[PDB]
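Here is the structure we will look at.
Chain identifiers are assigned alphabetically (A, B, ...) following the order of the sequence lines, protein sequences preceding nucleic acid strands; residue numbering begins at 1 within each chain. Just the heavy atoms: all of them, side chains too, but no hydrogens, waters or symmetry mates, feed the values below.
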Amino acid sequence: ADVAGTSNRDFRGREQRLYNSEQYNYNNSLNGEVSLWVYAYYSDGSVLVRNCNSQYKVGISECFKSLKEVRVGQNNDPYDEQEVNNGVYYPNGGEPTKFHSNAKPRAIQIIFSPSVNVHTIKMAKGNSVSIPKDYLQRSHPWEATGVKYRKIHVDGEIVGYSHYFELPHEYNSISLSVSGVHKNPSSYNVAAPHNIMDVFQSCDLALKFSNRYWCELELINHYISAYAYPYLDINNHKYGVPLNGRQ
Amino acid sequence: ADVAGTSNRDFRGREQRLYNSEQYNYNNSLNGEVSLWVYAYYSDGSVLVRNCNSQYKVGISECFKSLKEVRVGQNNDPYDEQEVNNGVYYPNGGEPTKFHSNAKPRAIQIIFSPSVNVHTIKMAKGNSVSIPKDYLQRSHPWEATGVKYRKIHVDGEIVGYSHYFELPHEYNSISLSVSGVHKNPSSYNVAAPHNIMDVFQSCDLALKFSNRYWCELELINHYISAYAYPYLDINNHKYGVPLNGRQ
Amino acid sequence: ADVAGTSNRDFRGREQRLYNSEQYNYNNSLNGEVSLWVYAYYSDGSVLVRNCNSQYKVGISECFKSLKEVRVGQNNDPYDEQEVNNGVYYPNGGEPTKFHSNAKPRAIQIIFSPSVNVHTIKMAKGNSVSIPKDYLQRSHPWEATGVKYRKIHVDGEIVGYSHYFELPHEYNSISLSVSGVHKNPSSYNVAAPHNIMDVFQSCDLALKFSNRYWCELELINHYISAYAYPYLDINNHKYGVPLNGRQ
Ligand SMILES: Nc1nc2c(ncn2[C@@H]2O[C@H](COP(=O)(O)OP(=O)(O)OP(=O)(O)O)[C@@H](O)[C@H]2O)c(=O)[nH]1
Ligand SMILES: Nc1nc2c(ncn2[C@@H]2O[C@H](COP(=O)(O)OP(=O)(O)OP(=O)(O)O)[C@@H](O)[C@H]2O)c(=O)[nH]1
Ligand SMILES: Nc1nc2c(ncn2[C@@H]2O[C@H](COP(=O)(O)OP(=O)(O)OP(=O)(O)O)[C@@H](O)[C@H]2O)c(=O)[nH]1
Ligand SMILES: Nc1ncnc2c1ncn2[C@@H]1O[C@H](COP(=O)(O)OP(=O)(O)OP(=O)(O)O)[C@@H](O)[C@H]1O
Ligand SMILES: Nc1ncnc2c1ncn2[C@@H]1O[C@H](COP(=O)(O)OP(=O)(O)OP(=O)(O)O)[C@@H](O)[C@H]1O
Ligand SMILES: Nc1ncnc2c1ncn2[C@@H]1O[C@H](COP(=O)(O)OP(=O)(O)OP(=O)(O)O)[C@@H](O)[C@H]1O
Ligand SMILES: [Cl-]
Ligand SMILES: [Cl-]
Ligand SMILES: [Cl-]
Ligand SMILES: [Mg+2]
Ligand SMILES: [Mg+2]
Ligand SMILES: [Mg+2]
């Protein structure tokens, strides 16, 4: 046989490139996943991830309470933190023993898989009682924020999209929902009657994951890298596996 | 300039009326929210609110367990109350230390924002094992109860709609789901293919809120009134902010 | 009057047969329920049931954590079991005091009501971090497994459909979502614009139930049999109430 890496008959090499190209492009097909991660960063260095993976479209909806840090199997002062909630839903509305709950997220990162169409991304960053803009009567139920999403580039390939905002001020008390639609460069509407009920089933079939990792390093090692997820750390370092046309 | 409140050139006055009219009418546009509140009233005077705010349509789905009172950070006798559940799912099916759990709701109030079309309201008030009418084989999955919803009037304006039923008997052990569709006087179907996928995204983007307030007074002060929500208290007093054509 | 059970004028008998036939056939109408049960079997003999009942379509979505056994009001070693989760999300990723968590399900049974169309059944049996097939880039978000569903026959009538798989190996660490569509032998698309928004409302109105029964016998007695649900026990015994054309 020919010698490896010297001719057009390195079929092992051509198969390896095809395998990676097929995965990248299958992800972008109508049969592929679109994936959303919401990372909540806490002052103790830990990071809650909410992940959802689904066909056609994907979303995550959180309230002020559900984004707060919960240390499973450790002391979370649940009564005091319920009083924090009362005091955050309405000024001077509770009696916690603290000015600022360290369970409040300090930052949110939203990451989409590269199979999303950024023009469809919608976000409702609301107040602590789950109103998009102060009062329901004046509230558009979402903002289209795709123009703020940064590309996560690795080796010249877009491995994901990131929107990141900090919550450093005492009044950064939020509720959060995010939604994005899978790429569809075709004119075949996936939610038109020929396929509409499969989009309803995709709502049933969406797989959700949640975990609080002890720090960004551990998140990077045992979640992002282990499962070929895109990521952007606090030092602006990009993570991901470039696939298209690549060995 | 002209003197305030004497002529047609009080632009400050005309702007104030426009601002309120715009909020009222924006809420009723296809871009606006439709909002649902389910209030569960407990014998100790406290009130659980489940709220959801979303575009196009909105809903809440609860089971018998999820409506029971949970005092966050206090003793809830979780083992005994699990035995209550077993004894409520099937007669003589458990061994709690009590005949009637005081965590069982005594009443439900359903309130919709004025942007709902009452003809679309649907409710599945089921039994304790989440069957609409005793057995699945005979169950229509909802009842259309819009004709029972009372208008919450303030200053002549409908600020919301209310359906209220008490659960005073020992056999009032329910599961509950409610759904309502936003007003659409146009013939443009918001869930037809031109816009269907935005309705799927509205399912992702719906913002949810839940809290147990210690009494109706506190609910009225720090939730209803603070955020311009409609309400109807036990004394048939109406709460809300009239907006259309108003300063 | 005629004597009972001797002539065509036993209207009591004809009414009884009609009543049962009407229930069976109403369940199969577009107005009827389609119901899904996911049973998680634990090594201590207890069984978690997740049930959802809804019109048009129905689904359940679980992750690795949410399928684990939780003994309400008893000791569940929450910190140790969080370390199990970390160690199951990534090999050698945690420090629990145990090799195998007895909270891990040993088997899953999926049961649909007889009103499902098995050709629409979809399942995403994913890994412990909620990926269908190891990596998102290669993942079809579901498998169509209807050909594996066994009919639950009683007295010659299909009272339900069952898919059962064991999780006996240490690497059987799963996430699970299931979806099925109600029968529609007509060509009237229930999710076409004439009725699409009612399918969105059915997403709001779906009633959910969850309980952990102490053993299969108790499940059979106080859940399956009490509410005329189909079931298949470990000894291949079928449970259900045949209805069509029957007294
Ligand atoms: N493209 C390129 N890569 C370089 C160069 N010098 C060092 N490298 C490294 O080599 C890597 C790319 O090697 P290859 O993937 O085999 O080259 P390629 O440009 O992708 O060409 P093909 O894959 O054969 O189509 C890059 O990631 C660089 O880190 C250079 O001059 N050009
Ligand atoms: N309409 C009306 N309001 C009265 C009358 N007497 C006292 N009021 C009070 O005045 C309030 C209404 O005042 P306005 O809003 O300025 O009057 P309006 O009828 O709404 O007329 P415009 O707002 O200027 O279109 C009501 O809420 C009443 O409580 C009365 O005779 N007619
Ligand atoms: N069909 C049938 N059932 C039998 C026979 N022998 C005993 N059985 C029992 O009788 C039951 C059926 O009785 P029926 O329901 O009154 O008879 P059927 O065949 O359903 O006829 P109809 O209901 O009158 O239309 C079955 O469940 C059997 O357990 C037999 O020879 N034929
Ligand atoms: N030294 C080099 N000279 C020429 N081309 C390179 C070199 N290094 C990488 N490339 C090519 O440039 C393209 C982008 O690679 P590059 O490493 O710049 O992406 P990147 O990971 O986004 O870089 P960075 O993260 O440093 O901004 C790839 O196709 C790669 O093959
Ligand atoms: N004394 C009054 N004389 C004439 N019109 C009034 C008077 N008070 C209010 N109105 C007008 O009547 C309309 C309805 O006001 P009203 O206060 O009756 O509503 P409401 O809050 O539902 O009343 P209630 O709660 O007492 O039944 C409004 O347009 C208001 O301007
Ligand atoms: N001994 C019998 N002779 C003739 N027909 C019977 C007899 N027993 C039942 N049948 C009829 O056969 C049909 C199927 O009944 P059968 O009891 O076999 O269903 P099944 O419950 O699935 O049986 P099994 O669970 O034992 O496999 C029914 O219509 C019933 O009336
Ligand atoms: Cl495709
Ligand atoms: Cl509009
Ligand atoms: Cl029908
Ligand atoms: Mg290359
Ligand atoms: Mg006025
Ligand atoms: Mg018979």
Side-chain angles (χ1 to χ4, degrees), chain A residues 54 196-206, chain B residues 36 38 52 54 57-64 66 120-145 174-181 191 199-200 203 206, chain C residues 23 26-38 49-62 110-118 120-123 142 160-161 176-184 189-191 195-210 227-230:
Chain A
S54 200
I196 174 59
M197 188 59 57
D198 280 44
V199 184
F200 276 110
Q201 286 195 275
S202 78
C203 298
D204 304 328
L205 294 163
Chain B
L36 168 61
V38 171
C52 185
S54 200
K57 62 90 179 172
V58 72
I60 287 169
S61 185
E62 304 291 331
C63 59
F64 170 81
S66 69
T120 74
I121 299 178
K122 294 173 179 58
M123 174 182 73
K125 183 179 72 65
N127 62 15
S128 61
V129 300
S130 300
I131 298 172
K133 300 289 174 184
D134 300 318
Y135 292 97
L136 291 172
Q137 295 89 331
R138 64 183 68 162
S139 281
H140 198 221
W142 47 263
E143 292 174 291
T145 55
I174 64 165
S175 46
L176 186 65
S177 65
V178 187
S179 177
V181 175
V199 184
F200 276 110
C203 298
Chain C
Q23 294 183 267
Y26 184 78
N27 208 341
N28 289 343
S29 78
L30 293 187
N31 308 110
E33 297 268 14
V34 60
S35 291
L36 168 61
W37 296 264
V38 171
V49 55
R50 303 275 205 213
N51 168 232
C52 185
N53 310 307
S54 200
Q55 199 174 2
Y56 308 120
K57 62 90 179 172
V58 72
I60 287 169
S61 185
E62 304 291 331
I110 300 161
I111 296 182
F112 280 97
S113 64
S115 55
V116 76
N117 181 316
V118 304
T120 74
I121 299 178
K122 294 173 179 58
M123 174 182 73
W142 47 263
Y161 299 94
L176 186 65
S177 65
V178 187
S179 177
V181 175
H182 188 290
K183 281 173 167 160
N184 186 1
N189 191 329
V190 303
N195 195 243
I196 174 59
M197 188 59 57
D198 280 44
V199 184
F200 276 110
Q201 286 195 275
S202 78
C203 298
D204 304 328
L205 294 163
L207 291 176
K208 302 165 298 196
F209 174 88
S210 183
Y227 295 103
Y229 291 170

Donor-acceptor list for residues 202-209 of chain C side chains, cut-off 3.5 Å, not counting sequence neighbours:
unit_1, atom_1, unit_2, atom_2, d
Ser202(C), OG, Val199(C), O, 2.5
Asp204(C), OD1, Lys57(B), NZ, 2.8
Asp204(C), OD2, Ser179(B), OG, 2.8

Practice item. Mind checking side-chain hydrogen bond (donor to acceptor under 3.5 Å, both in side chains) for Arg50(C) and listing every partner two or more places apart, or none if nothing turns up? Key: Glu62(C), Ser210(C)

Study note, to complete from the structure: What one should report as the nearest heavy-atom pair of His140(B) and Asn31(C) is CD2-O, 3.4 Å

Practice item. Look up atom CZ in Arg138(B) and atom CG in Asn27(C), then write down how far apart they are to the nearest 0.5 Å. Key: 11.5 Å

Check your understanding: Sequence neighbours excluded, which residues qualify as side-chain hydrogen bond (donor to acceptor under 3.5 Å, both in side chains) partners of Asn195(C)?
Key -> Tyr56(C)

Practice item. Rounded to the nearest 0.5 Å, what's the gap from OG1 on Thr120(B) to NZ on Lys122(B)? Could you check? Key: 6.0 Å

Point to revise | Between CD on residue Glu143(B) and CD1 on residue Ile121(B), distance to nearest 0.5 Å | key: 13.5 Å

Study note, to complete from the structure: One should read off an interatomic distance between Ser139(B) OG and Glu33(C) CD, to the nearest 0.5 angstrom, of 5.5 Å

Exercise for review: Verify, without hydrogens or angle tests, whether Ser175(B) (side chain) and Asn127(B) (backbone) share a donor-acceptor contact under 3.5 angstrom.
Suggested key: yes

Point to revise | ring-ring contact (aromatic ring centres under 6.0 Å, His included) against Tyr229(C), all qualifying residues, sequence neighbours excluded | key: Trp37(C), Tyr223(C)

Check your understanding: Partners of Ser35(C) by side-chain hydrogen bond (donor to acceptor under 3.5 Å, both in side chains), sequence neighbours excluded?
Key -> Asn53(C)

Practice item. Locate the shortest heavy-atom distance separating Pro114(C) from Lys183(C); write the atom from each residue and the value. Key: O-NZ, 3.0 Å

Practice item. Just do the side-chain hydrogen bond (donor to acceptor under 3.5 Å, both in side chains) check on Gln201(A) and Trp142(C) with the steps written out, would you? Key: CA-CA 10 Å; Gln201(A) 286 195 275; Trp142(C) 47 263; over 6 Å; no

Point to revise | Shortest non-hydrogen contact from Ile60(B) toward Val38(B) | key: CD1-CG2, 4.0 Å

Review point. Among all residues two or more places apart in sequence or in another chain, which pass the ring-ring contact (aromatic ring centres under 6.0 Å, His included) test with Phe200(A)?
Key: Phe200(B), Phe200(C)

Point to revise | Spatial distance of atom CG (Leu36(C)) from atom CD1 (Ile110(C)) [nearest 0.5 Å] | key: 7.5 Å

Review point. When rounded to the nearest 0.5 angstrom, what distance separates OH in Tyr161(C) from CD1 in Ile111(C)?
Key: 13.0 Å

